[PDB]
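Chains here go by letter, A, B, C, D and E, matching the order in which they are written, and residues are numbered from 1 within each.
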Amino acid sequence: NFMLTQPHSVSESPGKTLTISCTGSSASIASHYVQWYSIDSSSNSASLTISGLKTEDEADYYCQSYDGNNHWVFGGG
Amino acid sequence: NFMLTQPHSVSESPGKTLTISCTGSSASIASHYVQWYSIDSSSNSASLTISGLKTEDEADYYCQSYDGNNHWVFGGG
Amino acid sequence: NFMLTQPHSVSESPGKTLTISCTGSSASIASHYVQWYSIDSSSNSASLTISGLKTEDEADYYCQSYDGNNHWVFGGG
Amino acid sequence: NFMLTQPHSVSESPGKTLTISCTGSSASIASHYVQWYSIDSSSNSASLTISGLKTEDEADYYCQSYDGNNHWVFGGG
Amino acid sequence: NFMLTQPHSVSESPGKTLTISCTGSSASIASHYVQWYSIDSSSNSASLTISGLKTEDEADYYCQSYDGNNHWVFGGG
């Protein structure tokens, strides 16, 4: 999980900016993800019966970003 | 999971900007994802009966972004 | 978990900026992630019955970022 | 877990800036992560019954960032 | 766990700045992480019954950051 908020921001950035690669994979059960723009805020998850769960996952991430002056240069992933 | 909010923002960015590659794969059950623009906010997930779940996933991510001055340069993914 | 907030910010950054690679993988059950822009704030998760969970995960992360003047340079991942 | 807040900030940084690689993987049950922009703030998680959980995870992180003038230089991950 | 706050800050830093690699992996149950921007602040986690949990995790972190003038230089991870 990576979570970023900038509720306010002043940026002067003549730049390479927000570059995001390979953000990994999420498996979720009954999970709530919430961002909405007497006051009551409620998210209710309950009375859940779970039986035996077996998970076997093989994940290989190969992420390559190049800014390169390269002679005979070999990159192996 | 990658989550970004900029509820307000001032940016001066003569730039490469928001570049997103290979954001991984999500498997979800009964999950709620919410973003809506006496007050009651309710999302209710309940009384769920789950029997044995077996998951075997093989995921390989090969993501290549090039800005390159390259001679005889070989990239293997 | 990586969490960043800048509720206010003044930045002068003619730069390479926020560069994010391979942020890892999250498995969550009934978890709540919340960021919303008498007052009561409530998120309720309860009465959950969990039976034996077996998890065997193999994750290899190979993340390569290059700014390089390289001759006969070999990178192995 | 890495958590950063800059509720206010003045930065002059013509620089390489916030560069984030391989932030590791989190497995969470019923966990709440909260950042929202008589007053009562409440997050309630209760009455959870957990039976024996066996977790065997193999995680190898290979993260390579190069600023290099390199001849016959070999990097092994 | 690494936690940083700069509720105010004046920095002049034409520099390499906050560079974060391999921040390790956290397994948490019912844990709350909170940063929100008569007044009562309450986060309540209670009445949790946990039976024997066995965890066997093998984690190897190989993190390489180079600023190098290198001849025949070999790095092994």
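Heads up, the rule we're going with is that contacts are C-beta pairs under 8 Å (C-beta built on N, C-alpha and C of every residue); 3 or more make two chains touch, one makes a residue touch a chain.
A.B. asks: If over half the contact pairs have to be identical by residue number, which pair among A-C, B-C or C-E is the repeat of D-E?
C.D. replies: A-C
A.B. asks: Report which of B-C and A-B is connected by more C-beta pairs in contact.
C.D. replies: A-B
A.B. asks: Which chain has its C-alpha centre closest to the mean of all protein C-alpha atoms shown?
C.D. replies: Given all protein C-alpha atoms shown, the central chain works out to be C.
A.B. asks: Go ahead and note the Å separation of the Cα centroids belonging to subunit C and subunit D.
C.D. replies: One centre to the other, that is 5 Å.
A.B. asks: What whole-Å value do you get for the distance between subunit A and subunit E if each is reduced to the mean of its CA atoms?
C.D. replies: Roughly 15 Å, centre to centre.
A.B. asks: Roughly how many whole angstrom separate the Cα centroids of subunit A and subunit D?
C.D. replies: Taking the average C-alpha coordinate of subunit A and of subunit D, the gap between them is 10 Å.
A.B. asks: Touching two or more other chains, which residues of subunit E qualify?
C.D. replies: 20, 23, 25-26, 33, 35, 37
A.B. asks: Okay, what are all the chain pairs that touch?
C.D. replies: A-B, A-C, A-D, B-C, C-D, C-E, D-E
A.B. asks: Using the touch definition up top, name the residues of subunit C that touch subunit B in the complex.
C.D. replies: So the residues of subunit C touching subunit B come out as 20, 23, 25-26, 33, 35, 37.
A.B. asks: If we count contacts the way the header does, which residues on subunit C are in touch with subunit A in the complex?
C.D. replies: Going through subunit C, the ones touching subunit A are 1-77.
A.B. asks: For the complex, which residues does subunit B have touching subunit C?
C.D. replies: On the subunit B side, the touching residues are 1-3, 5, 7, 24.
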